[PDB]
Amino acid sequence: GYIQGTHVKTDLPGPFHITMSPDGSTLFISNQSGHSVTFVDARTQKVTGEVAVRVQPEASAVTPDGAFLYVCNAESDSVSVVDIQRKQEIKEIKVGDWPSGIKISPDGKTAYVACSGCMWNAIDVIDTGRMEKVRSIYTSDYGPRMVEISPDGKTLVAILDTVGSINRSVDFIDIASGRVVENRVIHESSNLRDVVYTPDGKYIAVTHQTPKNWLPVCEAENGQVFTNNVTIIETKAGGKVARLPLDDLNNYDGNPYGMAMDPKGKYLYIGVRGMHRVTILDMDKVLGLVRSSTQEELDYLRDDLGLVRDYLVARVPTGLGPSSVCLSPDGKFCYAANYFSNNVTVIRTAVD
Amino acid sequence: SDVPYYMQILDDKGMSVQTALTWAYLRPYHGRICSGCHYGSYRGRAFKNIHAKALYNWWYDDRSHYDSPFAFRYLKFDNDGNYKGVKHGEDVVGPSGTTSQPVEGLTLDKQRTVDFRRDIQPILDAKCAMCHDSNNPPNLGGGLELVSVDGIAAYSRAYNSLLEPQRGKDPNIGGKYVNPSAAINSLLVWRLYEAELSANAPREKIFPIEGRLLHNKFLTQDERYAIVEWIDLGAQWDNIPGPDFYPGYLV
Ligand code: HEC
Ligand code: HEC
Ligand SMILES: [Ca+2]
Ligand SMILES: [Ca+2]
Ligand SMILES: [Cl-]
Ligand SMILES: [Mg+2]
């Protein structure tokens, strides 16, 4: 396999992503440098097979029944359909540039694919019966990184990570309508790597960074150049956009990427790729902070470098480059995919 | 007498403007004078010459030890909620004729206090908790069920909410909604009376310009002033000394 963006060959799989079957018996790891997907049994923690897909898979989504795995092949500009029981790819559907993420509708009748190409704005829809790409939903700006579907399945959020932009936004889509209802801007943001929904569907979490671009590059202290943040957006009309710090004064979480939401909405799990660790936060303290604060107070609290300690549950040691995380349906275990270490860290959560 | 006590001067709404924080005690039959309220007559200053109306309410009868009135149990307010006067309680009393005034408040058994579980919390459940849940701070719901905080379950949700600290404010002064031993400085009381009561503002944004709801008519005078008394007393939870039947810490 090839290292991404290069013609240099490597024997290492380089896991870029991870997910789990809705019955929680199987983990599917997308190997970016392996051009395949690794199957792992949850109970035995054993590799049960490796299924070949197209070039550079960065993402995968499982059907509600768990008979199929839709893998995003980024370099191939395509999406592979994998038979989970047969351990074989049965089709390749062609999509827009660089799918970086994919998710299946609650009814399992539709798959949504975010095309992350820098000049590309698209979310391609795919019927599961036809196993084919129906149409494309054009976003408000370029580079959707990932999508997410609400628990009621009538709405689709898409993080737009837009190159050359200080203000990067999130699009709200009406699934039945298939068009953009609203666009909400996260001010002073860059590198949006994920978006998740709360189980009640009243909030979304988005991991990103806050650059200070208008300032001289002088020191590294007090986040003069970059700070690392998680933003909670209230899904109601006119809802708050709350940018919250992930960093201590002398301790920062470099490049937050993947997110896993507790099934009951108790905790938030964040893969920290630069600092090689999983940051676990208390979501009732976070949401409690959001509900009890105005927009002004939250905007002031974004730069509070002692604030995290209020809602911070833990920071757990991981392998190198934990780009993605996922949870078991009972929420008692969190898995983190490590690219450089070529492995998966298994974490016992606070849930008992 | 022979018991620790202190005093609070009150305005026409019945709230403490200034609290004397210390422990004073009277020996039997003794009586004690002071020029003013921490004026310095008992510290660094000479007594100011003052001809006071109270001097003639003290002892005017030769067949009595003292003709001064005993501390009244309750208050009377007008329709506006302003101070009408003082009101006798049930504790009224061998006994001999050695004083002119009715004998009130000498029974330690019957001495009244305000307990959050017995008094305030039911008022909160009845008139408040309906519109105040997790989604509308402060959170007054949940009843008397104890809330575990840092591995310790002591008080309920409403108490934890109301006693919550505020950023940039000395907790010795007060929290978000409550200033202990000043009700007049408490945002909660500010809202319950829908007015600016004191010269110390609890915070910068007090009354919302959008979606505001008038809270002054939600409670009767007795309930509201029960809250006032509770806060002026120091806003305790368990005001009944020793273990009792009311909800609280148990292991
Ligand atoms: C529904 C009719 C309500 C009842 C019953 C109670 N409250 Fe309320 N409260 C309600 C709303 C819609 C709001 C929004 C802000 C506003 O000023 O209208 C509030 C707010 C408060 C506040 C202020 C909170 C803050 O500014 O941080 C307090 C202190 C408060 N409410 C207390 C309170 C009490 C003591 C109640 C029982 C008498 C009560 N509320 C009932 C709606 C409703
Ligand atoms: C208004 C309330 C009063 C009145 C009616 C009296 N005092 Fe005094 N007192 C008062 C304050 C604000 C304080 C200080 C509180 C604090 O520091 O937090 C005090 C203090 C005392 C003390 C302690 C020693 C001192 O601070 O000087 C004593 C003793 C004391 N007060 C006695 C006292 C006497 C004899 C009074 C005459 C009835 C009296 N107090 C009334 C305020 C107030
Ligand atoms: Ca491409
Ligand atoms: Ca007690
Ligand atoms: Cl004095
Ligand atoms: Mg330096």
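Each value in this text was obtained by applying a stated rule to the coordinates, not by laboratory testing. Heads up, the Cβs are rebuilt from the backbone with ideal geometry, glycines too, and the neighbour counts pull from every protein chain shown.
What are the residues in the stretch B:113-130 that are assigned to a loop (DSSP other than H, G, I, E, B) and surrounded by fewer than 13 Cβ atoms within 10 Å (Cβ to Cβ), if any? Before the answer, list the steps.
The initial filter retains those residues of the stretch B:113-130 that are assigned to a loop (DSSP other than H, G, I, E, B), namely B:113-115, B:128-130.
Hit for the stretch B:113-130 is B:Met130, nothing else.
Restricting the stretch B:127-146 to residues that are of a type in the set (A, V, I, L, M, F, W, C) and more than 25 Å from the chain's Cα centre (by Cα), which is farthest from the other protein chains (Cβ to nearest Cβ)? Here the answer is B:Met130. The residue list A:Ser136, A:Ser169, A:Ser116 contains one member that is over 23 Å from A:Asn191 (Cβ atoms) and of a type in the set (S, T, N, Q), which is A:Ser136.
Assess whether A:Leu268 counts as being over 22 Å from B:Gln166 (Cα atoms), away from chain B (no Cβ under 14 Å) and touching a helix residue (DSSP H, G or I) at 6+ places or on another chain (Cβ under 7 Å). It would help to see each step written out before you state the result.
Numbers: over 22 Å from B:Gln166 (Cα atoms): yes; away from chain B (no Cβ under 14 Å): yes; touching a helix residue (DSSP H, G or I) at 6+ places or on another chain (Cβ under 7 Å): yes.
Judged against the criteria, A:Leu268 is a match.
If you check B:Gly211 against the conditions, is it within 16 Å of ligand 4 (Cβ to nearest atom) and in a loop (DSSP other than H, G, I, E, B)? For B:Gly211, the condition - within 16 Å of ligand 4 (Cβ to nearest atom) and in a loop (DSSP other than H, G, I, E, B) - is not met.
Cβ separations smaller than 6 Å between residues 6+ apart or across chains give the following pairs from the stretch B:30-59 residues that are away from chain A (no Cβ under 14 Å) and away from ligand 4 (no atom under 16 Å from the Cβ) to residues that are of a type in the set (D, E, K, R) and part of a loop (DSSP other than H, G, I, E, B): B:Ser35/B:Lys48; B:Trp59/B:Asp67. Apart from one condition, A:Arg243 fits all of (1) touching an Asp or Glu at 6+ places or on another chain (Cβ under 8 Å); (2) more than 27 Å from A:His187 (Cα to Cα); the exception is (2). For the stretch A:131-146, check the following and say yes or no: at least one residue is in a strand (DSSP E or B), within 21 Å of A:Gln295 (Cβ to Cβ), more than 16 Å from ligand 4 (Cβ to nearest atom) and out of contact with any helix residue (DSSP H, G or I) (no Cβ under 9 Å at 6 or more places or on another chain). The answer is no, given that none of the residues of the stretch A:131-146 is in a strand (DSSP E or B), within 21 Å of A:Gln295 (Cβ to Cβ), more than 16 Å from ligand 4 (Cβ to nearest atom) and out of contact with any helix residue (DSSP H, G or I) (no Cβ under 9 Å at 6 or more places or on another chain).
Residues checked against (1) farther than 23 Å from A:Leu307 by Cβ; (2) of a type in the set (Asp, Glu):
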position: B:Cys128; (1), (2): yes, no
position: B:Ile184; (1), (2): yes, no
position: B:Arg203; (1), (2): no, no
position: B:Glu229; (1), (2): yes, yes
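Within the stretch A:274-318, track down each residue that is in a loop (DSSP other than H, G, I, E, B) and within 12 Å of chain B (Cβ to nearest Cβ). Walk me through how you get there before you give the answer.
Of all residues in the stretch A:274-318, those in a loop (DSSP other than H, G, I, E, B) come to A:274-276, A:292-294, A:302-307, A:318.
A:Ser292, A:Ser293, A:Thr294, A:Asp304, A:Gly306, A:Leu307, listed by residue number.
Residues in the stretch A:224-236 that are away from ligand 6 (no atom under 12 Å from the Cβ) and either more than 22 Å from A:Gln295 (Cα to Cα) or surrounded by fewer than 20 Cβ atoms within 10 Å (Cβ to Cβ) (or both): A:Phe226, A:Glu234, A:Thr235, A:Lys236.
Among the candidates B:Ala24, B:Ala46, which residue alone is within 16 Å of ligand 5 (Cβ to nearest atom) and in contact with a strand residue (DSSP E or B) (Cβ under 7 Å, 6 or more places away or on another chain)? I'd like the intermediate steps shown before the answer.
On the way: B:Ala46 fails: in contact with a strand residue (DSSP E or B) (Cβ under 7 Å, 6 or more places away or on another chain).
Within the list B:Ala24, B:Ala46, the selection yields B:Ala24.
Given the structure, is B:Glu164 surrounded by 12 or more Cβ atoms within 10 Å (Cβ to Cβ), under 21 Å from the mean Cα position of the chain (by Cα), away from ligand 2 (no atom under 16 Å from the Cβ) and within 14 Å of chain A (Cβ to nearest Cβ)? Yes; evaluated as a whole, the condition is true for this residue. Of all residues in the stretch A:65-115, those satisfying the criterion of being in a strand (DSSP E or B), more than 22 Å from A:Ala176 (Cβ to Cβ) and of a type in the set (A, V, I, L, M) are A:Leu69, A:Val71, A:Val79, A:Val81, A:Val82, A:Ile90, A:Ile93.
Residues of the stretch A:181-200 that are assigned to a loop (DSSP other than H, G, I, E, B) and either within 16 Å of ligand 6 (Cβ to nearest atom) or away from chain B (no Cβ under 14 Å) (or both): A:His187, A:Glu188, A:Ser189, A:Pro199.
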